[PDB]
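Presented below, as structure tokens, is a lone chain in the form solved without ligand ADP.
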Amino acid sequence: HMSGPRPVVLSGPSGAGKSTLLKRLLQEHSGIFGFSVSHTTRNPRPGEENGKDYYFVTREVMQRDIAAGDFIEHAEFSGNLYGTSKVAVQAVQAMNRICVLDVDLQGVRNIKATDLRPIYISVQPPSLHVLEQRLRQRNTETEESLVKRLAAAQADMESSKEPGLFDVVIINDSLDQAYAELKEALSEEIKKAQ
């Protein structure tokens, strides 16, 4: 489906701000934006909600839907499978809202190969050291997973400066400042939706 407004792809390292900032945007501008609820095979963290943060399913279940052609894209990340189902994006487009997707670098490249034509925004930590401190606070990962995640985060930070990859790269040192910059990047789309 190409109808409805242009979507928005948010990326950057997990834990560096993209998810928190998106939740804030969806609260302030709930009539304008809708979130694409990805499927994942990883286990839920405390406070996450099925059908809101992710559809939490097993590998077997996700594999059946993949085999059926139900996904726009999918990726392996730190031992688990993640993906954007067709229906997740279509549900938001049907409400005539701006669909926001939160994906890793592989998902950015996956979506670049589709016909969705989104705006791409990367949310970066001030440093890998700061990101590591934040990840170890909630401590939701095994050490093996944290090692894979920190390597992926480093690769993400290195690719963030690639010419033409992202429309805007936001450095999240302060959530209030980064949130202002997220809306700045979307300000024309927000005004047109209004």
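Position 1 is the first residue in the sequence shown; the rest follow in order. By rigid core we mean the largest C-alpha set that fits within 1.5 Å across both forms.
Separately, the form deposited with ligand ADP bound exists; it is not shown, and the next lines address it.
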Even though ligand ADP is not shown here, does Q137 get within 4.5 Å of it in the deposited complex, heavy atoms only?
-> yes
Neighbours of ligand ADP in the deposited complex among 161-178 [non-hydrogen atom within 4.5 angstroms] | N172, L175
Residue showing a 2 Å-or-more C-alpha displacement between this form and the one not shown once the rigid core is overlaid, selected from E143, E158, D167, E28 | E143
